[PDB]
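Here's a solo chain for you in structure tokens, the form deposited in one PDB entry.
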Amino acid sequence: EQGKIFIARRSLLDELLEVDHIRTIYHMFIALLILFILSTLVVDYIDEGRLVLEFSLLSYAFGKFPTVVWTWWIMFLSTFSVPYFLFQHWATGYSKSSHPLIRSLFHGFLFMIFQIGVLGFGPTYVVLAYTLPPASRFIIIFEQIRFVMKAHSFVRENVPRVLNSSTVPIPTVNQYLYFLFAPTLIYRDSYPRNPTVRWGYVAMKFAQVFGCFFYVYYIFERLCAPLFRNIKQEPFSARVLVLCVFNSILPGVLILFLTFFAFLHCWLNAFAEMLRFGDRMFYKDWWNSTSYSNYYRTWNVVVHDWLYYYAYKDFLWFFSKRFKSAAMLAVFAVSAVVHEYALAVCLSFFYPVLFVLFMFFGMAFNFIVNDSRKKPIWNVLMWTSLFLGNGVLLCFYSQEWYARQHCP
């Protein structure tokens, strides 16, 4: 059935991390992390005297922070106010008059131009006018996509209701405000209250997300930054970009793992705890996934859920009756266009082949493990090829952005 429920709970990691053997693997992992930190520290201190811990990169990336604070505030207030009261005025007087669609088309057009202009351009304008640095630029683009999807959902959950006729009204501002912070992207008025906020627990999760971000940042500064200088100096057509596409694979793996952990688990669980959300199914065991059709285990449930429900459904609805292939290619096209837009405006670089090559590689992997081929040789090969290929194309992307799209 179509909808959203609250069965799964906690997460998908807190379920395991108290299974004895997995728990001890987890603790060994933490121990190796902390000993790697202490090793780098007290092996580049006694040898260079400085104990560097360079805080250069983020001090430039975060860039103009008060501007993103101010624009995020006005954007939150816009998304919190204008769609709410707009729909409020909308539904209350739906079929008192205007037996044709005139009222509908007109006000829906007002809403559409609101979204596209104010919520599409306003952020894009304030991010391309001041030539924002990517990190803060990424914050703005990210929150703008978030608010676009949340507004589309708040108006997708309630317009088929009022029209089927009593006439369901808009909900309380005291619940809309909450939905604007809920760890989800499907509007519901029904959210289960966990018993109590555990202030110690949310403090621990905030500590974990901040420590995870700082460890990500430190590993970056120490291992991915010097690579970036040495692809900074001579980037055009050296055959020694190979030297580092064979030298950032492992910290690329580490960054992937820790950014997933931090953002998809600690951040979301801490906000859930401060709000007592209840579901906490923010990710699936993506590593076990095998194929796209009917069996995909997304690594991000919120985005996959919104995507499926609000694009694929209505696309099979409108397009045709048996052209599933058309509708699936359509949801691929939607995801591709929005991802390319995000990454392009975020990295001042129009290079649209990244996502589509990602999907070709996903076809490759899924195929080489979806011929009923459980044989571990093929799983190991899939994993090596995943790591290697994502590193390869990451560095080719960084190269093309840095050399051929920098120099004439």
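Note that residue numbering begins at 1 and tracks the sequence as displayed. Just so we're on the same page, rigid core means the largest C-alpha set that superposes within 1.5 Å between forms.
Modelled in this chain, residue 64 is likewise resolved in all the other entries of the protein that span it on both sides, not missing from even a third of them. Where the other entries of this protein model the residues before and after it, residue 253 is kept in all of them rather than dropped from a third. Unmodelled residues of the deposited sequence between neighbouring positions residue 293 and residue 294 number none; the chain is continuous.
This next part talks about the form deposited in another entry, which is not shown.
Considering 246, 121, 73, 210, one residue stands apart with a C-alpha shift of at least 2 Å between the shown form and the other one following superposition on the core, and it is 246. For residue 231, a C-alpha deviation of 2 angstroms or more is recorded between the shown form and the other one after rigid-core alignment.
Relative to the superposed core, residue 309 undergoes a Cα shift smaller than 2 Å between the shown form and the other one. Comparing the forms between the shown form and the other one on their rigid core, the Cα displacement of residue 88 stays under 2 Å. Note: residue 157-residue 100 Cα separation is 3 Å or more shorter in that other deposited form than here. Relative to this conformation, a decrease of 3 Å or more in the Cα-Cα distance between residue 393 and residue 145 is found in that other deposited form.
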